[PDB]
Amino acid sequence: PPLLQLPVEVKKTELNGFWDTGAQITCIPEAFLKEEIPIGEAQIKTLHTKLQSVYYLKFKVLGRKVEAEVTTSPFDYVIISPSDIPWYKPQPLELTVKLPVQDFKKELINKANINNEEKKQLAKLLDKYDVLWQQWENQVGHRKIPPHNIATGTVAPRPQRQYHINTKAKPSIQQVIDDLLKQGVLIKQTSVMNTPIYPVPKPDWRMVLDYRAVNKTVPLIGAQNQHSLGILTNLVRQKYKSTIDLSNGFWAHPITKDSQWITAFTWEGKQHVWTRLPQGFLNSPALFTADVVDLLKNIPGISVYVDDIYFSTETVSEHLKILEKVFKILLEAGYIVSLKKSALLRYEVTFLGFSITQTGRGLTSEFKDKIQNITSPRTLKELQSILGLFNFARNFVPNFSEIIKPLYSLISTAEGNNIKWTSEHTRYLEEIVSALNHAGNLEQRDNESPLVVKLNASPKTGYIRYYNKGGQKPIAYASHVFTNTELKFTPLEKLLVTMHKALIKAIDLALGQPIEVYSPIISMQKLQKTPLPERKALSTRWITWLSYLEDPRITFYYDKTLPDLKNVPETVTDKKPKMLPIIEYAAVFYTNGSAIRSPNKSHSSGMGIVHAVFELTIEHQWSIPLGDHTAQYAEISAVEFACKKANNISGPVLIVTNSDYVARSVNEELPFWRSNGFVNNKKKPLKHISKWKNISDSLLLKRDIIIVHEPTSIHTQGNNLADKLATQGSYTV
């Protein structure tokens, strides 16, 4: 049914003709009828339908003489009406492997979310446009446009040598190469330029065209390319929605004969060039996208990314009429639709890697399933893949840059191909995964309301929120942690750094609407002449913010409702520090004490600490008197002594007492004691407060110190040793 392309010769020149069932009269390029007398003028139905001069011409079609009425055309190919050659019978195209298009049709009607009476109407619609759907693997369409001149550079790239590639990919690529040859997309032709080719393994391979040398010479097309975050916010969220997929839209757009030389590549000795734009060329995405947005530009409320088309309506009848209208445009143009990659009439549909629901835009269930079954990384490539996968939800949850900063910092400390992974990093990953599992759907931007941003900043991170004026649910989130440069900023300066990032994404989300900024800033006019001593940044950062005030469309306010995060300190950590194996600690400290009754005196106490590095080795040992002091005082001074010695050694260190009280109190209350001025439950000064202060500050200077006490074990041997030393100290008095 998708017919075939047949050759045609006009004025003793070979050309390519397409048998068009919809064309009433045949058309020929303009450069061929310039020296001929027109019969007259007739209305010709195009997509732009103004009359052109009609002619009468004779030419050879497949070696057969024909005579017919013709009109001018800007194309480089010939269009042939079926009426003019009634002798010709259409021959269906033959490729390598056929698609279960009938099965694709049934999958789309079954997973369609309508009543049975509406399914019958849509089923007849799908059967009617059977020519539109891709019925063969690697099938390509024929877009009715003037070919693209892509060799628009003023200099040529150097030919590139081609290396050998894997043998198993070679026959998998040969199946698609032959398919593109039989459709006329690839022709075996030599050229001055040649580009390398390498294969990427498919999950079942694939072919990539390294076009770096070519792209370094071709200028950017004037058509800008859409941003994924912008089209997802600016789309309409109706109940009945559908997404259509154009299969190989790149290979449906022809290119001019004078530009095909640049698309050459050597495969198995022979050299091939492209009749249509290839994937990997610089401007090929922009021309495809710009073309498809132009056809459905008249159709309202419809987003479109590369090879996917999305729209939505509230009436199922309205949705059915749009599909017919869209299918007509795609068939008249020359595109083909992949049914296995498209979804129609679904309350919930996955568009651009995200699920569009009634509730709002949301993550894919398959994406959430992929998150949970993620192992801990082992190499740099593994970690990079994990980070890139996780990034999809940066706009979905605030504090994303906060919670992911350590992993991004771990990639910088990583050398070679191995990254230093710890048991604290895996707990971070499970926390990341759980936070992503507890995600929430966002709202969609509307063109009527002016965009409003709400931003607030802690001394460590700035937080951004995107809403609509009077809206409840936010459109997106944004977070940015301050760098080492930005952390030394004044809090006023940190708020402006946060506003900077908010305004770039706001411009992408503005949609030609005024922007309102809610922030803890009290005024902006006074910020223009801020005195220099209050500035901790340089002139450059201050100039960009001053430049933002000159924009009248945006306006700023002071939202006192915002939480005060500028002066709040970090809360007490409740996570228990995981312990490394005893061979991984730089040194291990065992501390002990003693109390002995003494002759009008209470005690004769002593201290006992040992320096041990790991087998186990006694590096240093200490035994000293303390005099008239309680047993608990000797223990606290013992673990204090080890904290100072631990401060001297680099790397994680482990300290153990034989007193559960000191170890338990240190882990459970030393942070609270640090803040409340070292007072007890009765709001009274602790005993040994000066000793607690020294332990406190030694714990802050070296935060990888782990205090714990467990006391027959491995630590029992040295606990007994340190206990022996405490007695000897006590006696020397």
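We number the residues from 1 along the sequence you see.
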query	finding
Missing from the model but present in the deposited sequence, between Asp204 and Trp205	1 to 3
Size class of the missing deposited segment between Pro599 and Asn600	1 to 3
Of 317-325 and 575-583, the stretch whose C-alpha atoms average the higher B-factor in the entry	575-583
351-359 versus 563-571 - greater average Cα B-factor per the deposited record	351-359
Of the residues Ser242, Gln135, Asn138, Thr422, the one carrying the largest Cα B-factor as recorded	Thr422
Top Cα B factor in the deposited entry, candidates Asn667, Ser53, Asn680, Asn694	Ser53
Third of the chain, ranked by Cα B-factor, where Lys120 sits	highest
Ranked C-alpha temperature factor of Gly470 among modelled chain residues, by third	highest
Third assignment of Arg394 from its chain's C-alpha B-factors	lowest
Assigned third (lowest, middle, highest) for the C-alpha B factor of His500	lowest
Entry-reported Cα temperature factor of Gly63, expressed as the chain third it lands in	middle
